[PDB]
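Chain by chain, the residues:
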Amino acid sequence: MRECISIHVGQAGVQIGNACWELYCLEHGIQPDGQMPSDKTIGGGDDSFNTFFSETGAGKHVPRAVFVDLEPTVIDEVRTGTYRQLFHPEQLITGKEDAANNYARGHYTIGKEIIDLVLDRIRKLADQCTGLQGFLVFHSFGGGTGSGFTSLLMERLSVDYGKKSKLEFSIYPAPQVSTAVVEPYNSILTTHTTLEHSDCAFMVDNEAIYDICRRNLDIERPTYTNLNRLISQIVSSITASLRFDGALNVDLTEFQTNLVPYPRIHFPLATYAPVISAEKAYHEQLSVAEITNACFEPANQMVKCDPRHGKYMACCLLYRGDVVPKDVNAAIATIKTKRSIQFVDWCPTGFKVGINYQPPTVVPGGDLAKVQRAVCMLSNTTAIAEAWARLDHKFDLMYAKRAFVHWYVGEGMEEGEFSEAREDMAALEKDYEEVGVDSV
Amino acid sequence: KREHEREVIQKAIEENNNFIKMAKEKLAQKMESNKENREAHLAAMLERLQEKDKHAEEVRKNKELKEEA
Amino acid sequence: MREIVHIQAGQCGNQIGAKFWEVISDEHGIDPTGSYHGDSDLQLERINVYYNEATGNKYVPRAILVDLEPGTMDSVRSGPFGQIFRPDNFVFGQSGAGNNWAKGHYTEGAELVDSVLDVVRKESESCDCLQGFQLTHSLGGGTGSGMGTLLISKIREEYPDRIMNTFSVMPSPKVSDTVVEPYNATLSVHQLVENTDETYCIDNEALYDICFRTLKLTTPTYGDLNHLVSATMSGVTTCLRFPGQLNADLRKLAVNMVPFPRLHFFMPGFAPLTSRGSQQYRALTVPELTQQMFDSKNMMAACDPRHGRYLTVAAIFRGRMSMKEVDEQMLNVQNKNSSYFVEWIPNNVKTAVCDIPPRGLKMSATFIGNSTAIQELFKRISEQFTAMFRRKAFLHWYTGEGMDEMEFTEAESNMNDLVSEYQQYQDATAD
Ligand SMILES: *[C@H]1CC(=O)C/C(C)=C\C=C\C(=O)O[C@H]([C@H](O)NC(=O)/C=C\C=C\C)C/C(C)=C/[C@@H]2CC(=C)C[C@H](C1)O2
Ligand SMILES: Nc1nc2c(ncn2[C@@H]2O[C@H](COP(=O)(O)OP(=O)(O)OP(=O)(O)O)[C@@H](O)[C@H]2O)c(=O)[nH]1
Ligand SMILES: Nc1nc2c(ncn2[C@@H]2O[C@H](COP(=O)(O)OP(=O)(O)O)[C@@H](O)[C@H]2O)c(=O)[nH]1
Ligand SMILES: N[C@@H](Cc1ccc(O)cc1)C(=O)O
Ligand SMILES: [Ca+2]
Ligand SMILES: [Mg+2]
Ligand SMILES: [Mg+2]
């Protein structure tokens, strides 16, 4: 039942959305025209996949999703592409002029012209739900729309849906693929503004994904297409418990109980395995032990940081495919007797396990080998704060000279907003230090 | 105990409503301040440009008075 | 944002403007009749940024041609691609500006500017989402310099939220028409500092030196200089005209390149620039492009970047090449030149690759630098200005139009302030 509405904001949010929804269709046997032969209840139902897809009387399975961007060219590709029939046109929303890598334009100058229309479209999706659970919001930190429009939208969703859950998948900037010098300003501004409005946020460091593609898939120079296919496998792992049933399946909301010890401490670290090429996977079966071991290898993390140099407040293992508890328990025991896994003194140390039996899927033409079993670890580690420290320092370097600040002030913002946001980030860093200190 | 049960749920309701009200008010204040700020920035720019037109008139006037010689 | 409106004013402005349109029309597969005859869909994907589409599948440059005398524009009309321009978009007077900024800005130019604005408005009103404007002009004459900067002010008044971009040709005694060029340039820079968002400093000094020293042209003509200018203008606009991720519009370019609003004067550069003789010995490769584009000899402003520091840099490669190699070479060049990028703007060098190379090259690179060393250009002009102004040479040409000395003093001071500001940021440190 419990429906989830996905909102894909700006270029990164939209292109990652493309990859996710394509992958979901393949996992569920939904064709590009939205038909699903295996679904025998026409025009509706309460199957697990219905959390993410509504149905029309003509048998179309329609994503519960809105795609929004302030310029039209990325969403235009969706409108004209392979899955164009999947979406009702009103779910794909564009303006004419983008935010120009400026949070201020995304939140105020341009964003304000389209925010009411976007809310109207989201309301139309919500009115079709019988038990809406919440929202999943996909966006970059660095873009003007991804940063500024997302913030505005999150603020408005708090007002219109109260404390209905809002989760983010947030794309953290990397120099190898970034397109604006001001991305650190945009990141801090949006992180500050969204913090009280988000229940849980999964950061995806483009640099971490870039190096996984280069190192584990032998891709010379990863493109967004390469990055997004990997990201979608990870998002799929996280949402699989919402979209599939199963005796050993554990709901994402139940993992969230363990992952969020205080409202602001809501940024889990995801680590995914196995990421391997067809050439390397051939004749090589990677066992539960092997993929579990890989979750404690920092090179497989979706955010660059070193958990061996922090403390854990939760560890969750989300398995999919050919996996049974006996083998998981054995792998965990081995890891316990060999790894730098130290918990804070106020949290239990047991790992929380879920298993979804539906095996992983890959998109044709992709880089990942098709495997029989995979795992996503979600941990709450103080180490994730290193990501904020890196961004915060870049912010400080430029802000000390007020470099580029006139672009924001010109669009109506005040320096006071910059210092407020940065102070909130300094407080968040301190929060992460404090939770790690032993109890008196 | 029943009185306490009633108090807990009305507390929960009150805090959720207050969270909404605060979010709504903060956003309204921010959008108004931003609008006023951007408009004032535009007005300042146009004011400067209009001064230039004033100056240009002055120059052409000055030429004409020196050609009355 | 999508459409750009192009304006070209004065002799220099119309001459480099015409070449710009010839060069990019070829790149986009548009012939002199405005018909398309290309092979790649990349050529048309963003064609509307620069061209209107008319009846009969014709593409018409969104271009307005302005002058206070008919001669150059007559030659444009008769030149190649001359018939491609919209005839109603030719706006010209008969009296000329006599190489006098004051006549261009306050007198003759003022009499003509409304008819020019009428055409701008007509082009702009038909735009789906106007980005802004690009103007080509010299700063050393009267029309381009004076009327061009007048047009900038008037356009800004009607389109205050759109981006104003210029390609501004700086005067040099090596390629000199008149003795008052330093006056006209200083008065013009005064306007540009206040009223444009981004300006490409196209320096006749640099163009002459590249022609004479590098290409071994004993007597460079304006044609030789303009070939370099159009190669550069092609290069710095490729991100606007072809599909891509970086600096894809005028505002995103400004947000990446301009950290302080007055410091918006860019040093453009082009590679390769090697004589045919030396090409026998030196291969055209990505590392060669990278080293050249960061060398003083390849800059189109006569400034040495190793005498200052970069605030921000855009590097655009064109042609078929390894993305991995470009990335490695750009990392290498930043490493070897670390001191010359300000430490307090992290990740301030952005890189793009466009698959379509310039005519007649397998590959090329275009450099756009916001370097504090551009102060060398402004100091050169200032030194020439002051030499004349301290003896009040030729002032009567300007006061005769109704200006007073004070306006000269103010332009001088504003340009000297600009230099001090570059120096301040050059000297700044993170600690
Ligand atoms: C203008 C062509 C023109 O009319 C003169 C002719 C036909 C060719 C000019 C070529 C040119 O100037 O070549 C340049 C360099 O000397 N070439 C190299 O250095 C090549 C190899 C180096 C290896 C180490 C570069 C130049 C400015 C080319 C431009 C490109 C463009 C936009 C069109 C313009 C056409 O040529
Ligand atoms: N992983 C991934 N990152 C992306 C993708 N597209 C853009 N990015 C990253 O997102 C940031 C740029 O923000 P965008 O999402 O492109 O910008 P936008 O939200 O459309 O905002 P404006 O264009 O400024 O209106 C940079 O850090 C890019 O590297 C994508 O498809 N996948
Ligand atoms: N690079 C280049 N410079 C030019 C050209 N024509 C004129 N100039 C320069 O422009 C300045 C003279 O201004 P000009 O455009 O002739 O005056 P206007 O007609 O009043 O705008 C001098 O510095 C010349 O060197 C040209 O075709 N190419
Ligand atoms: N020492 C504090 C740590 C803390 C961190 C973040 C918070 O938001 C709150 C508290 C505690 O455990 O109570
Ligand atoms: Ca059904
Ligand atoms: Mg965008
Ligand atoms: Mg001339």
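Residues numbered from 1 in each chain as written, not as in the entry; some residues may be left out. Chains lettered and ligands numbered in written order. Part of a larger assembly, values for the part shown. Heavy atoms only, no water.

- As recorded in the entry header, the structure was determined using X-ray crystallography to a resolution of 1.800 Å.

- In the nomenclature of the PDB entry, chain C corresponds to Tubulin beta-2B chain from the organism Bos taurus.
- UniProt, in its Subcellular location section for chain C, records the words "Cytoplasm, Cytoskeleton".
- The UniProt entry for chain C carries this comment under Sequence similarities: "Belongs to the tubulin family." (UniProt positions renumbered as here; feature names shortened; annotations may be inferred.)

- For chain B, the PDB entry supplies the name Stathmin-4 and the organism Rattus norvegicus.

Examining the overall build of chain B
Phase 1 of the analysis: The secondary structure content of chain B amounts to one helix and zero strands.
Phase 2 of the analysis: Here chain B has a C-alpha radius of gyration of 30 Å; the compact-globule value for 69 residues is 11 Å, and the former is much larger.
Phase 3 of the analysis: Over its C-alpha atoms, taken along the principal directions, chain B stretches across nearly 105 × 10 × 5 Å.
Phase 4 of the analysis: Per-residue burial for chain B yields a buried fraction of 13% across its 69 residues.
Phase 5 of the analysis: When the accessible area of chain B is evaluated, it comes to approximately 5,700 Å², of which 52% is carbon and sulfur surface. (Helix = DSSP H or I, 4+ residues; strand = E, 2+ residues; numbered from the N terminus. Rg over C-alpha atoms; globule rule 2.2 N^0.38 Å. Buried < 20%, exposed > 50% of the residue type's maximum accessible area, 1.4 Å probe, protein only. Areas by Shrake-Rupley, 256 points an atom, 1.4 Å probe, with all protein chains shown as cover.)

Concerning the sheet that holds strand β9 (residues 269–273) of chain A
All names here are of chain A.
Phase 1 of the analysis: On the basis of which strands lie adjacent, the open sheet formed by four strands has the order β9-β12-β10-β11 and mixed pairing. Each edge of the open sheet is held by one strand with a lone partner, namely β9 and β11 (352–356). Each strand of the sheet is rotated relative to its neighbour by a mean of 15 degrees, with strand direction disregarded.
Phase 2 of the analysis: The sheet contact formed by β9 and strand β12 (residues 373–381) spans five bridges and is antiparallel. Bridge pairing in β12 links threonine 271 to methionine 377.
Phase 3 of the analysis: Helix α8 (residues 224–243) contacts β9, β10 (312–321), β11 and β12 of the sheet and is inclined by roughly 90 degrees relative to β10.
Phase 4 of the analysis: The sheet strands contacting helix α9 (residues 252–259) are β10, β11 and β12, and the helix crosses β10 at an angle near 160 degrees. (Pairing = 2+ DSSP bridges. Axes fitted to C-alpha atoms, helices over the stretch in contact; angles between N-to-C directions. Contact = heavy atoms within 4.5 Å.)

Examining the sheet that holds strand β1 (residues 4–9) of chain C
All names here are of chain C.
Phase 1 of the analysis: What the ten strands build is an open sheet, ordered β5-β4-β1-β6-β7-β8-β9-β12-β10-β11; its pairing is mixed. In the strand order of this sheet, the two ends are held by β5 (90–92) and β11 (349–354), each with one partner. Direction aside, neighbouring strands of the sheet carry axes that sit 20 degrees apart on average.
Phase 2 of the analysis: Relative to strand β6 (residues 132–138), β1 runs parallel, the two being bridged by five bridges. Its bridge partner lying in β6, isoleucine 7 is registered against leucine 135.
Phase 3 of the analysis: Helix α5 (residues 108–125) rests against β1, β4 (63–67), β5 and β6 of the sheet, and its axis sits at about 175 degrees to β4.

Things to note about the domain arrangement of chain C
Residues and elements named next belong to chain C.
Phase 1 of the analysis: By the assigned domains, chain C splits into domain 1 (1–259), domain 2 (260–373) and domain 3 (374–431).
Phase 2 of the analysis: With centres defined by C-alpha atoms, the gap from domain 1 to domain 2 works out at 23 Å.
Phase 3 of the analysis: Between domain 1 and domain 2, the contact holds 36 residues from the first and 36 residues from the second.
Phase 4 of the analysis: Buried area between domain 1 and domain 2, both sides added, is near 3,100 Å², and the carbon and sulfur share of it is 71%.
Phase 5 of the analysis: A salt bridge links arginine 262 to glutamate 194, with the shortest nitrogen-to-oxygen separation between them at 3.2 Å.
Phase 6 of the analysis: At the junction of domain 1 with domain 2, the criterion picks out twelve residue pairs in polar contact.
Phase 7 of the analysis: For the side of domain 1 that touches domain 2, the secondary structure elements donating two or more residues are α1 (10–28), α7 (181–195), β8 (198–203), α8 (204–214), α9 (222–241) and α10 (250–257).
Phase 8 of the analysis: For the side of domain 1 that touches domain 2, the element with the most residues is α9, which contributes nine residues.
Phase 9 of the analysis: Class assignment for the residues of the side of domain 1 that touches domain 2 results in 19 nonpolar, nine polar and eight charged. (Domains from an automatic or database assignment. Buried area = accessible area lost by both parts, 1.4 Å probe. Salt bridge = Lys/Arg side-chain N within 4 Å of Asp/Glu carboxyl O. Polar contact = N/O pair within 3.5 Å; in protein donor to acceptor, adjacent residues only side chain to side chain. Nonpolar A, V, L, I, M, F, W, Y, C, P; charged D, E, K, R; others polar.)

Looking at the packing of helix α5 (residues 144–161) of chain A against helix α6 (residues 183–194) of chain A
All names here are of chain A.
Phase 1 of the analysis: Close contact between α5 and α6 brings their axes to 9 Å; oriented N to C, the two are set at 10 degrees. Comparing the axis directions of α5 and α6 gives the class roughly parallel. In contact with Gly144, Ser147, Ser151, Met154 and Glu155 of α5, α6 contributes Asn186, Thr190, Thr193 and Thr194.
Phase 2 of the analysis: In terms of residue class, the contact of α5 with α6 is built from one nonpolar, seven polar and one charged. (Parallel < 35°, antiparallel > 145°, perpendicular 65-115°, else oblique.)

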